[PDB]
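Order of the sequence lines sets the chain letters (A, B, ...), proteins ahead of strands, with each chain counted from 1.
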Amino acid sequence: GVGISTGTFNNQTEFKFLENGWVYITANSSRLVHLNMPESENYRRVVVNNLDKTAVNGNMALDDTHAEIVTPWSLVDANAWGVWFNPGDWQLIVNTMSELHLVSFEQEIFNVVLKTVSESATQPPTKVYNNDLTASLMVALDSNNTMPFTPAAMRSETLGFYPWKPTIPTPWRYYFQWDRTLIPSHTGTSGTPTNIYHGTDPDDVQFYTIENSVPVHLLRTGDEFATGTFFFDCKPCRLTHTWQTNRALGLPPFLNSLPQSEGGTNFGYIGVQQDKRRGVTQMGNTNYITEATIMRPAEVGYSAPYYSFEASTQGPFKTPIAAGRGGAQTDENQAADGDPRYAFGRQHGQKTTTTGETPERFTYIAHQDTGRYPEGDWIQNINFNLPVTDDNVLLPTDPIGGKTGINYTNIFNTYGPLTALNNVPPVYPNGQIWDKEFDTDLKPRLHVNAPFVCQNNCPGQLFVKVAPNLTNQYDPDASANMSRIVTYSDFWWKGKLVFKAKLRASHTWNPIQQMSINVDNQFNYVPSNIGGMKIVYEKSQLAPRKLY
Amino acid sequence: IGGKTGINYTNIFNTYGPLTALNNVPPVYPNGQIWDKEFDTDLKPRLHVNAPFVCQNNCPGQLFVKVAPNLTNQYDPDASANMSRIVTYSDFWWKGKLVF
Amino acid sequence: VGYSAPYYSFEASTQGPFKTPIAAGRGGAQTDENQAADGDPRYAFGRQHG
Amino acid sequence: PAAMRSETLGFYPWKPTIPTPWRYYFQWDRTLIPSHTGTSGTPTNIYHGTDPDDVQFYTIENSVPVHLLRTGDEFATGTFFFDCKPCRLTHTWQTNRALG
Amino acid sequence: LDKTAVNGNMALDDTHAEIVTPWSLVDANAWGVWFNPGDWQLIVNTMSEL
Amino acid sequence: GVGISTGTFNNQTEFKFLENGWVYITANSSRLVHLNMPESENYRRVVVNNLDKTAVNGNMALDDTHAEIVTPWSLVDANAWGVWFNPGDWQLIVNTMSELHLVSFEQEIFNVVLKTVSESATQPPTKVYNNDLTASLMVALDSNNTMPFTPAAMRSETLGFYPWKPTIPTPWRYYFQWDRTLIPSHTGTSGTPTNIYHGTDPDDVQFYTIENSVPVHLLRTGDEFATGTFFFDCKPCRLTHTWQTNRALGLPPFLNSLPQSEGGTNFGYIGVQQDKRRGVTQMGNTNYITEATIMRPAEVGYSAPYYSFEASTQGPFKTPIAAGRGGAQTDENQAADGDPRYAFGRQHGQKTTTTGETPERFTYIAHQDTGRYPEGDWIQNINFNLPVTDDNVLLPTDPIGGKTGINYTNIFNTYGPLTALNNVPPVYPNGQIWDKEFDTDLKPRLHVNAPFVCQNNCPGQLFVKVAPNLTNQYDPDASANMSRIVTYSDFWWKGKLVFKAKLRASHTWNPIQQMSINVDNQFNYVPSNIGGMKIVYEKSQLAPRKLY
Amino acid sequence: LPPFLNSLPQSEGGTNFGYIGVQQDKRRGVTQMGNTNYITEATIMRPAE
């Protein structure tokens, strides 16, 4: 009713330990959510076409052209790690657990409050806020997944990461099919390469509305809404990283001479002439057995074209790759392709007391070693006569198509039946948690945005909207926009996300890497003297595991 | 390709795709490996090039042997120099049963 | 049936270069043993093993 | 697996054999820029050391029960059962040109 | 380094780190350990799958 | 029998997780143990008196005078952390557990081998080693605790810390009562201060022999010996440290003015004149309420005289103190009193490939903040008229007894009914694990050498000795030493030490300190290229806990 | 545990003492004096007082 609360605030994280070294992790998250009435009550079909940017030759990667349906609804999205875990919980999980299973997800809305704004227009302007006891909040749960899946973490538009900071939902919109052609060019390209927005293909038209597809609940101040528990069916997520490349698989060569003194100058030696060695190689016309040429069971990782842009009906898009560059761990400047870069605002980790629209950014450098170092690649002739002469070798410094800045590694692909790789690591706090699986006949082996992929279904998207609060002068047959009482809503959101994790064991004599507070990062985890908070990113696959 | 007379496009060519069909490696008698452990990566290779049989969950533990230290009367653990041992070697019989 | 792959391609990772493995051996090696080359495993062994 | 180094038990029942000294890879970082004959200068060829987060020092004694066998003792592993895919003893000949 | 310091010899790289243990490995994972040529002939001539 | 093994080698550590967040930790430790026959078969009563050292005025702290019974027996002592845990297990325990309970202890001896040494005396001298199939190893377990308790960790003489390194027992000996007087002096003291060894008090004489007090088992090569399981009754050991001193207990003062901008220059202010404040103080004649003067519930820590040497019947000994110096954490040079210093050899953490008799050393700086900073102490007159004048204050720089290097803090004691303190933290790897409780009517509240103290009893000491291997010419009535065949024994020792630990919970937003491998300490946990190993010390109370 | 004596007397009498036989600041063991290397009977850590 008017004066009775309809729910409870809970933002605790409970670790319930089982037998056999498993733990149930139930993350409770609660937020005060602020929602204004939509700018307009109508669905819009809006085309964006930044021709000015792409009209500059060589700027085709800056294409923003697209068509989207703008809806009056707002999306409540909790699909991001920072929503559910503070840094202490994350430290516990990543330091003490070896794998993580996504179990269930629940959410509810309670203590709904709706208010109207009255502006007096007095010479000193002033306004007052009145409770609208009979106004309603419209809530729709797309449990059948009829609406397009639009996870907000990819735009950094989920619920905020601070329990004591009120947050907002994000205005909902989804892609509307369009055709677009963009011929690539470079600086010094003569003329205007074709840069055209062709319109919409009628056979691909899909205009979705919430009202026609989803039951809509009207919540007054005394009402509440609960989704019920959803249970996931995803694969487990490892909290360890592999380090073994092809060079560290299997039995090392026997060393016939071992160092007799310590130091960095005292190496061992195999002690057998390279073409007089025993073992197996896939090179049937050579006698050289070396660490480079010896047969390995399969290939860890794969090379892919990097900063390749493929074009389809909707225009160019970057070719995604499964794993980040090799050597980025030793030199952060070499992260580049496959190392996800996250940009986010003050709701999601940026120091809350900073000013300006510039976001906080970081590039995630995963601990796993499944990537490539293209400067170390080469192709050489089948004859394999060593030392290889210039004409019999293709080096990463050899131009392709006459371009000094492009080599064969830029267009190289070694993905095959022997390729082995890992799933993407969780990115705390900004990374997405779960993602819907594509509805294609043949599905990708993984996603690059979330560790957990929903095979059959995962929870319906939650949509909210302030119900129209008409004045006395409404006229439906009038073309002009509806005249509404300025109305906004504050409601409380509570979610429960349950995981199942396995406690790690100590397999080696040595200790392993562990997340730790220290003198340098100390003040990333406590408020400033004026209450400024931040959440810096954390790694998740600290402990190694043996690949083979 | 790239101005190199000894390199052509086939050296860098890849036609692996969703339509690719292929076979497992044949057994190599007598020197070929029989079984191999599967990688502990999330995504696994479709085959191995070294053994026809690939162990999915596990395959037999490796067997390790070592002659136990046979100390002389003058052992000193706190000495940095190498342990003084009686020259000892072992001969044992190994029997395996492999069923196909 | 089958696939073409880069042959005597050497990819580099953290531990240094390694040869790109391929699933099947060269065609025409059956008629001419000199054309075995990539994908045809070569075994080297001592007096214990043949 | 020792077959990749040709270091398994011997293939002759009447010939005494030996085991192979055990060793395993320890993580290291290494950069080797490729070159050819006639490449000017010294391409970077560096051993960078070991990444601490990849360090794995295994010992038998800390991970495996160790049986001490005197001359009157014996040791049996017990039967291990595989779960591998079948291996064909036939070859296909049809390329794309001989289908259908 | 002496081998790979020669330009064009990068395929001869043997660089690596290994733990040398006092233990010895008894490995029977090879066909020759289990079959003489007569048994192998029987298997490969009379069987279609293994 | 001769050709049959009587036990199995096990050096694994198993973590068995229970419900309610408890884990059973069973540490298995196995060692090959080398034992020579004793130098002599007789008990000796030996007096050590380093008069030359103490005859130098001001060297009285170097006194080594004592009497001891030297026995032919050897003590097998496994009471040290390094015996049971490698660094990886220790990292797991200290990073993931909040408290540790000592549960049970078992040990056994098996695969006994006895050999004789025959020296040929050939012009090139040579010797051969024969099995003595009928020789025996004498094993005695003092399960009733009749013998004096002599834990070897205090001399760094326990079993070695490496499963693959053969170890030795330590020759057993125990203190024999003596009377000794040593008058302290300094450089420039005139004459010879009395420095006398008075002999032995007859009413304090205690001559213990193994043979008269303990059953002795004779083990031939086919025999084995097991102690049976002993169960401890000790108090739990915390794996967290407290940080709150008296200054951080209870409600802080309310700040009437808070900073409006970030930075190290923007402090808050209480905003109330100090003698106009509200609250409670124990200073009944002052109106000043400050953080220094406000009443706190009790006292955390206590001041004690430091490098005080008290004298009793047996001569001077240093006064022990419960906790180490404050400020040693920020400056390792200020560790000094209460910070235990461990010195050990190549069996117990020193780099095994080093040479020379100089031991490896470290001073343990505990994370707990229960210590004192005597340079910050002061005493002032009861009148408490501020600012205090020189005559009304005793400062740490004021000489005591005319000595410029001695101030009142050197003789100060603030232990009282309000004192609170913690138990000593475990010291990995060299620290002792458990210690026997004194048999006095009034017992100490803790020990400074071991976290676990045995109240009623803890396991009997294990004694071993090669049985006499006589030649054919033995003559008991001859005064000369017994003529024995040169005989030594190698046997395998296996112990099982079981703990019970509680998994830690994350109580705070921020992460906590955690033990971790990094680029600097990386090569402390792996062997060198010539097989050199070391075990560096680790801390054990990394995570904080709230005291109040 | 008393210190181990590396040299024991070879004849009886009140003049024939044993000797520890290790230089005092080169000894092994535990002390509560964190800024000294001297391990002696006076300075060696004892369980309590």
Side-chain angles (χ1 to χ4, degrees), chain A residues 10-15 25-31 80-97 160-165 239 344 346-354 360 362 426-431 501 513-540 542, chain F residues 91 94-98 238-245 247-249 252 259 262-264 268 329-330 367-369 502-516 518 539-548:
Chain A
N10 187 358
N11 210 98
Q12 299 180 258
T13 311
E14 302 128 14
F15 289 75
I25 305 162
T26 167
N28 310 283
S29 181
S30 289
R31 296 289 186 281
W81 293 106
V83 170
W84 302 96
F85 298 112
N86 62 52
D89 305 314
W90 194 253
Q91 182 190 44
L92 191 56
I93 289 170
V94 303
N95 281 1
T96 69
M97 305 304 160
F161 298 163
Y162 303 103
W164 58 90
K165 192 184 197 298
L239 298 177
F344 47 94
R346 282 173 284 276
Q347 285 209 268
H348 304 119
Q350 180 174 42
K351 176 65 117 64
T352 49
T353 56
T354 62
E360 179 64 24
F362 69 87
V427 177
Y428 177 88
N430 303 101
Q513 168 180 66
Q514 298 274 86
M515 179 177 156
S516 181
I517 197 167
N518 54 47
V519 80
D520 294 297
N521 65 22
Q522 151 171 51
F523 298 115
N524 295 340
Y525 308 104
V526 300
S528 72
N529 68 348
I530 59 164
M533 282 298 286
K534 74 198 294 231
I535 308 182
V536 303
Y537 74 98
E538 302 294 347
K539 315 253 190 85
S540 55
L542 303 163
Chain F
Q91 182 190 44
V94 303
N95 281 1
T96 69
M97 305 304 160
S98 67
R238 313 304 284 277
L239 298 177
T240 59
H241 73 275
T242 58
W243 65 266
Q244 288 164 278
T245 71
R247 281 287 290 266
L249 300 172
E262 282 180 3
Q329 299 168 11
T330 302
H367 282 296
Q368 72 189 8
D369 294 323
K502 188 184 174 181
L503 287 160
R504 82 175 181 83
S506 184
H507 314 276
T508 57
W509 177 273
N510 57 279
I512 53 139
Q513 168 180 66
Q514 298 274 86
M515 179 177 156
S516 181
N518 54 47
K539 315 253 190 85
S540 55
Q541 293 195 343
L542 303 163
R545 76 164 179 284
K546 133 179 62 67
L547 191 152
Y548 179 80

message: For a side-chain contact (heavy atoms from CB on, under 4.5 Å) check, start with the C-alpha distance between A/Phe362 and A/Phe344, then their side-chain angles and the critical distance, and finish with the verdict.
response: CA-CA 9 Å; A/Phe362 69 87; A/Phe344 47 94; 3.3 Å; yes

- prompt: Between F/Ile512 and F/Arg504, is a side-chain contact (heavy atoms from CB on, under 4.5 Å) present by the stated rule, with each step listed?
  reply: CA-CA 11 Å; F/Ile512 53 139; F/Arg504 82 175 181 83; 3.5 Å; yes

message: Please give me the minimum heavy-atom distance between A/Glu360 and A/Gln350, naming the atom from each residue.
response: N-NE2, 3.4 Å

query: Using the ring of each side chain (for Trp, its six-membered ring), is A/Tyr428 parallel, tilted or perpendicular to A/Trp90, with breaks at 30° and 60°?
result: parallel

query: Hey, which of F/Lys546, F/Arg545, F/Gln368 is the one that makes side chain to side chain donor-acceptor pair (under 3.5 Å) with F/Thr240?
result: F/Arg545

query: Is there side-chain contact between A/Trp164 and A/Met533, with at least one heavy-atom pair below 4.5 Å?
result: yes

message: Tell me if a side-chain donor or acceptor on A/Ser540 pairs with a main-chain N or O of A/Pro426 at a distance below 3.5 Å.
response: yes

- prompt: What pair of heavy atoms forms the shortest contact from A/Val83 to A/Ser29, and how long is it?
  reply: O-OG, 2.9 Å

query: For F/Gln514, does its backbone N or O pair with a side-chain atom of F/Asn95 as donor and acceptor, under 3.5 Å?
result: no

field: A/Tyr525 versus A/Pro87, closest heavy-atom pair with distance
entry: CD2-CB, 3.7 Å

message: Using modelled atom types and a 3.5 Å cut-off, is there a donor and acceptor pairing between side-chain atoms of A/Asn430 and backbone atoms of A/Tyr537?
response: no

- prompt: Do the non-hydrogen side-chain atoms of A/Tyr162 and A/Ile535 ever get within less than 4.5 Å of each other?
  reply: yes

- prompt: So, for A/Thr353 and A/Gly532, which heavy atoms are closest and what is the spacing to 0.1 Å?
  reply: CG2-CA, 3.5 Å

- line: One should read off an interatomic distance between A/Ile93 CD1 and A/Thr13 OG1, to the nearest 0.5 angstrom, of 7.5 Å

message: For A/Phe85 versus A/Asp89, what's the shortest heavy-atom pair and its separation?
response: CD2-CB, 3.9 Å

Criterion side chain to side chain donor-acceptor pair (under 3.5 Å) against F/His367, the qualifying member of F/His241, F/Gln329, F/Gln513: F/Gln513

message: Contact between A/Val94 and A/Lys539 at the side-chain level, heavy atoms closer than 4.5 Å - yes or no?
response: no

- request: Tell me, yes or no, whether the heavy-atom count around A/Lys351 atom NZ, taken from other residues, nucleotides or ligands under 6.0 Å, exceeds 12.
  value: yes

task: Could you walk me through whether F/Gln244 and F/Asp369 pass side-chain contact (heavy atoms from CB on, under 4.5 Å), step by step?
output: CA-CA 7 Å; F/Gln244 288 164 278; F/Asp369 294 323; over 6 Å; no

- request: Verify side-chain contact (heavy atoms from CB on, under 4.5 Å) between F/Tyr548 and F/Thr242, making sure each step is shown before the conclusion.
  value: CA-CA 9 Å; F/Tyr548 179 80; F/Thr242 58; over 6 Å; no

- request: Examine distances only and state if a side-chain atom of F/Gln541 and a backbone atom of F/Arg238 form a donor-acceptor pair shorter than 3.5 Å.
  value: yes

field: Distance-only donor-acceptor check, side chains F/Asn510 and A/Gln522, under 3.5 Å
entry: no

message: To check you understand the geometry: which heavy-atom pair defines the closest contact between A/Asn11 and A/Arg31, and what is its length?
response: OD1-NH1, 2.8 Å

query: Do side-chain atoms of A/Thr26 reach the backbone of A/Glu14 as a donor and acceptor pair under 3.5 angstrom?
result: no

